[PDB]
Structures are given as C-alpha cells and as structure tokens.
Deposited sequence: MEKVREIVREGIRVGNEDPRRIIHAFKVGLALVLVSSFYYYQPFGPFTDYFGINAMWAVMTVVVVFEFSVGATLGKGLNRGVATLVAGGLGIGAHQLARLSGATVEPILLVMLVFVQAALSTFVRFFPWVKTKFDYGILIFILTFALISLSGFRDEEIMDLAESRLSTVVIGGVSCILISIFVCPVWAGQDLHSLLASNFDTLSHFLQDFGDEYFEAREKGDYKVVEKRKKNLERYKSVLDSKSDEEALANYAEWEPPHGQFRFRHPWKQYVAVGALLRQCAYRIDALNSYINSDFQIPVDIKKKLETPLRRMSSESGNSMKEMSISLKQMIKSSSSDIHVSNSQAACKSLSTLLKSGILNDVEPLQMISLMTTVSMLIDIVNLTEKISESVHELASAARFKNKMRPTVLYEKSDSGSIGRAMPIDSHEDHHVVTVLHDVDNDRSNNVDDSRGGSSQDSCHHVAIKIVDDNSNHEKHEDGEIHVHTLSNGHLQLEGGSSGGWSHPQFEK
C-alpha cells in the first residue's frame, strides 16, 4: 500500500488540479467503443475487408490520433489523413513501375525507391518550419509509403490495400475529431487566454506585496515561496505558450474567438511579460539578500516608490481583468499615467539631493531598486499599449 498510497496521493493531486483530464480520459474510451461498434455492426454497407484488419487499423488510428486539446487532435488527424493519401498515390505508382521493370529486379528497385524517399523525408524533418507544424505528417509519409510498397504482397492486392488503409484512417480520425469537438471540448486558444491572464495576475500580486514588504519562523518560508514561485512560474512558461500557440492555429472559429485571430500577438506579449519577470526576479533577489539596508533610508524614499509600485500593479490587474473576460476597457490609461507622473516626481525628488547622508554601499542597493522599478514602469507602458493594440485588432466587446 505504501507505494500505492504514494501513487494515490499523486493521482488525486493531478485530479483535483484539473477535472478535464478525467473527462478526457473518458472521452478516449467513448471514441474507441464508438469506432469498434461501427465496425462490428455495419450500419449500411459492408466494405471489402479483404485482409481482415479494418478494425485493427481503425482502433490504432483512434488511439494514436486522440490528444488533449481540440487543435491537437485536429492537427494529428489532418496530418495523418493527407499524409496517408499522398503516400498511397506514390506507393501505387512506384509498385506499378516495379512491375514494369522485371521479375527478379522488382525487389531491388522497390528497395531503391523506398531508400530514396525515406532518406529525403527524414532529412526534411530537420527544417524549422516542418518541425513546428508537420513533423507527424512527414512521419506518416515515410510510414505509409514503406508500408504499402515494401510489404510482401502480390501485385494485385495493392489496389485494395491503399483504399483499405486510407478509408480506415479517414473514418477513425473523423470519429476522434467529432467526439472531441462535440462532447465536452477542450480548446487550446481558451487555455492560452487563461494562461496569459494567470501571468498578469501573478505579476500584479507581486507588485502589491512588494509595495508592502520592502519596508518591514517557518512562516517566513511560506511567504518566501509565496513570493518566489508565484513569479517564477512566468519564467518557465515559454515553451507552454509556444505549444498552445501551435495547437491553437488549427482550431475552428468557436464562440468568441473569430476566424482570423492573432495568436502570434499572444506569444509576443508573452515575451514582454517574460522581461518584466526578469526585472521582478532581480527585485526579489534583493528582498532575500544578506547585506540589508537600514530601514530609515528606504523610508526616506518610500512615497514615490509606493505610488509607482502600486499603480503599475493596478495597471497589470486592469489588463488581466479586461482580458480574462474578453471585455474592452480603458482604465489602464489613467492607471499608467499616474505612474508616469510618479516617475517624474521621483526624478524631481532625487534632484533635491536628499541622499547626501548615506554610505555609498547602501547607495548601491537603493539605486539598484530604484532603477529596477523605473524599468518596470516603462515595460508596463509598452505592454499596456501592445495589449491595447491586440484587443483592438481582434474585435473585443466594446460594451464595457
């Protein structure tokens, strides 16, 4: 049980994190049973079934194609479909050519043609473009060509083999797509939105908590995690955005995400958020440092830093709220202009030379924090306007 206790604790962890994993776990079985039921009771027309494997290949297709998102299954399905089709055309042709050649030189030319096309496709699988969109496609290309040709089958049982494999791929993939679209869908574009909104939320949290904390047993450790991992989640979430983007470019236009939709913008805004998290990471590194500033000097500058920090955090919150609800807004304008005014005020206060009573090491630490905050304000401005452009160029809801 002790290993079983371990596994059930981790299983229920993954469970309560997200129930859609459970619903999808059932969707797979539902699609499998649906397909096998189609092939047991022929609904209207019994096919050739010349080899007796139609059911085997339909189930192999369904297991291999079905993925989590809706775009993912749509992509694996479309790739598998078109790839098997074209590879079938070429396989039929090449085997006809081989029959044309001779009787003892048939296998040798079959070998030659398989070698050439397999080598060339494998080398195409190292491009960047194909690697991001259609690696499974080129895989099935190689697979199906060598499947059709190099099979030790007579010259007459190929005109049927291709149609068998092709029709099976079609019907299996279509079952997977329809189940995934119309049972309890899991769209990737929506997940990308909520991921973006989670990033913005976490940053706003840190900014407020910083405006509180920079001027103050095991609970220290709880708060340490409450600061560290909260933002660090943004730093290690670049491949996930990049993946949800590739999947989301396949989806069909559902409820609120119209057809021509700008995902590349979502990844660009991702990059900007990543830079803001770099800066925040430096700030946090100072919060948990060893050389520590006397509180009085930081209190000498509490005020403008307070405004800048709090107002940047409010602006991030406004962007998150306006995005997670796909609603259009303009509160970011005032909540960023206030921070600009606070920045110029801070510059003027620095012009007063009030810092002429401090040892320069403390000057190192304090001026570092000042610079980090200033850079964050500027980046928040750019993010604000970029997100504003994104929303406008996507037809968000101007109802407010």
Regions of the deposited sequence not represented in the model: 217-221, 406-509
